[PDB]
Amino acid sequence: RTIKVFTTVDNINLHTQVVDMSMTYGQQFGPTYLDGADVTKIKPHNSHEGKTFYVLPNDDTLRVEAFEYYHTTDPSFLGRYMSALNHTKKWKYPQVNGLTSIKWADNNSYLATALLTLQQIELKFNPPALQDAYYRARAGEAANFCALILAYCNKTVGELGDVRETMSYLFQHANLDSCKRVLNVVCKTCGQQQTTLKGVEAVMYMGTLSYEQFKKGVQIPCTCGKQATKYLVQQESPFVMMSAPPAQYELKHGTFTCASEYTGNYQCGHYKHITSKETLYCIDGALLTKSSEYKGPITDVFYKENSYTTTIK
């Protein structure tokens, strides 16, 4: 006795299989999943006829397809993605003034903040998996995108998280190749040192939330023992992320794209997302509060950019 089923690594390229109904999926395919559920130790059932099963790559065809879809060789990736998916399919993805959010569940506030952010910055994902899941997420069906973010960032459902770290890992999988940052450090004694950063390093900064302050100059130690001034010479990127340890900060309407608010301490906290539209919006999972002003403990601010050149001589 046998049924036909489809095996896949990507849910786009399906491989017809004839499965011996007296053996477990595991003995026949290796590790096997059905709509996120692990069926490795399970024997084929009648109503499995015609259904699609994910399998761990166990041959050169599945290996190539897996790499082309996900851009990773981690053999733990599929199981981690499938484990997260069982939870993320149970979350609720409300539309909050045209953006997909997540209702609070399983310590997901950092994830909802990242998801809202990704819908507001210009980013091209390289892995087809992230490109496809992103478009579904933007339409309200974000479960696969959320499970992929957890898999790529090596996070488990319910684990506490850092938006800055989540954005950073996801940016490794974005086409930021042509993003460029030039910095100048001026010591009155030693002279001027210019540095060029590219890709992810060109769009991140940890130390100040203010894009304007980065342009104007920040005081840093010079190895001579004096204070030097560091300033942005040139920025070529569609956005910048400015981060700092969480601190009371005033967000002014029209002067930024969106921001992460972190309330709590280094053991436990809660993120809210602030975005600048016709007024200031504070999105807390499914809840939306509109205000003319906002002050709170901010840790990330995103600004839109194309090309900036300093006038500092």
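We number the residues from 1 along the sequence you see.
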Quiz prompt | Stretch with the higher entry mean CA B-factor, where the candidates are 222 to 230 and 117 to 125 | solution = 222 to 230
Quiz item: Which is higher on average in the deposited entry, the C-alpha temperature factors of 90 to 98 or of 194 to 202?
Solution: 90 to 98
Practice problem: Please work out which residue in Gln248, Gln27, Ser260, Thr257 has the highest C-alpha B-factor recorded for this crystal structure. | Solution: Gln27
Quiz item: What third of its chain, lowest, middle or highest, does the C-alpha temperature factor of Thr189 fall into?
Solution: highest
Self-check item: Ranked C-alpha temperature factor of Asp177 among modelled chain residues, by third
Solution: highest
Quiz item: Sorting the chain's CA B-factors, does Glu141 end up in the lowest, middle or highest third?
Solution: highest
Practice problem: Tell me, lowest, middle or highest third: where does the Cα B factor of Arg63 rank within its chain? | Solution: highest
Quiz prompt | CA B-factor placement of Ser307, once the chain's modelled residues are sorted into thirds | solution = lowest
